[PDB]
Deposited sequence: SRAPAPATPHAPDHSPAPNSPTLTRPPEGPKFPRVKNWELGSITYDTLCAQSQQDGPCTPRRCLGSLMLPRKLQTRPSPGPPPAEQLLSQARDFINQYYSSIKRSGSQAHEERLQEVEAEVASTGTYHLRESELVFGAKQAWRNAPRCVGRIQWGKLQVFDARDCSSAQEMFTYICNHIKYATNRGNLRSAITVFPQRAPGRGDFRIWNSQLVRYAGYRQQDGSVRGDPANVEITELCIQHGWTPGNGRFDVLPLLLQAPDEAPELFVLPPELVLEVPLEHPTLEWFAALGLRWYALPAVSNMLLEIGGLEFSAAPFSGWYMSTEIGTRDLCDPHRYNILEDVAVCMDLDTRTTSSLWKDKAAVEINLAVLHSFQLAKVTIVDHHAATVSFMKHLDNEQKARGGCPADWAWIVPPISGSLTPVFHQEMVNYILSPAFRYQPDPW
């Protein structure tokens, strides 16, 4: 009923009682576990999610059962009954966005959950306005290299109409241009979005690190194209502390990781555009973005530069090259004074987070496969820690692509 959770390095045990608060089903059944899959395959229900959430909020400010709490429940009941929906107060939105981050099982960065700047953009009525808000978000979060976590929340989904959406998967992404002979120039993960940007009238570049425009969509309208001013997009040229040829690879990455395709669910309400951003963990760039074979795929090139023996896997050329690239990422961000965290530091701070949440809430939802870094897994404390995954609300969810 309540899972026993063991750490195998330390021998310590806890019990997860928080999981009893889950009201949504994940993908697993007793017959089979689907925990390694990336994606999933009336008024009285909105009302009961709304009550839960308002109960969560008054409990958080230590005012459960108070006058303010009781009247807010009534405001919500009256509004749903008359209209089929309701609206959040700004402070409730602020609390709900922090909770959705806190509740995100795939995020190793949750020790920071309390420190989140929330921009209320729910008075947005046009793609133009979305663009201004997003530029403000980026300027704030970037902070000249001293990165600050942020989320901008555009207007909620409504029964009668289309969604506000950002078509891009992140605010900052490099173009992937499909070539004559089916090779890719740039980031292969962004081929389709690059093609959508072009067909909506973007004049494309022809480099490996061409920052994409945004496609922003106000309800029931064609998406609109907005070029991000180059001065807003902070980037870090990649070089290596001792390998001098490395800088000649012309490699670079952007400071700001900002997710823009996820849906923020709070108290039954859905925010289909609510982009959020923090700072990078070095392995996201050094290992996945640069070394994935279906991404920039630079491993072999680096290994050859290092004069390694590329003909046999057993020389561990791939491992040796991957470490140096992750090292180049860390050194380069440090040198350019741009916030970054390495995978050892991040995972140690996640273990602390696990302990804080154990005392605070009797548990912490975590997806082991996503928490464990993609190199040096067992060299991190999290490798050795059992984890319970489940869905709490407020939540960030996946949603279908708008096109």
Stretches of the record's deposited sequence for which the structure holds no C-alpha atoms: 1-30, 72-82
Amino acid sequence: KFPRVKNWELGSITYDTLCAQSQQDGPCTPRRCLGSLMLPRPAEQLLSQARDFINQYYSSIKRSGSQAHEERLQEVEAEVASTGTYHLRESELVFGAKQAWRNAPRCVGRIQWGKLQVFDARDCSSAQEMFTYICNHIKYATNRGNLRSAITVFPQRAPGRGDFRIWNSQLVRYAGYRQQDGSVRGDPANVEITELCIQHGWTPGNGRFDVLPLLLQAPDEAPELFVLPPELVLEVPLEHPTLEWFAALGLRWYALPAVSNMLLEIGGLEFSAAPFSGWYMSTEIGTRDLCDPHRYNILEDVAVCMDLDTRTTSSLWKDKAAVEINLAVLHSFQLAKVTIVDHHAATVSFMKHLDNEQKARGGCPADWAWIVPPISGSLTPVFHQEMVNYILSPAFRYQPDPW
From here on, numbers count along this sequence of modelled residues.
Compared with other deposited entries of this protein, is residue 353 missing coordinates in at least a third of those that cover its neighbours? no
Tell me whether residue 32 turns out to be unmodelled in at least a third of the other entries of this protein, restricted to those that model residues on both sides. no
Mean C-alpha temperature factor, higher of 270-278 and 246-254: 246-254
Looking only at C-alpha temperature factors in the entry, 183-191 or 279-287, the higher average sits in 183-191
Which one of 40, 377, 35, 365 shows the top CA temperature factor in the record? 40
In this crystal structure's PDB entry, the residue among 292, 309, 319, 265 with the greatest CA B factor is 309
For the chain shown, is the CA B-factor of residue 297 in the lowest, middle or highest third of its modelled residues? middle
Binned into thirds over the chain's modelled residues, the C-alpha B-factor of residue 162 lands in the middle
Just say lowest, middle or highest third for the CA B-factor of residue 95 relative to the other modelled residues in its chain. lowest
Within this chain's modelled residues, let me know which third the CA B factor of residue 65 belongs to: lowest, middle or highest. highest
Third assignment of residue 151 from its chain's C-alpha B-factors: lowest
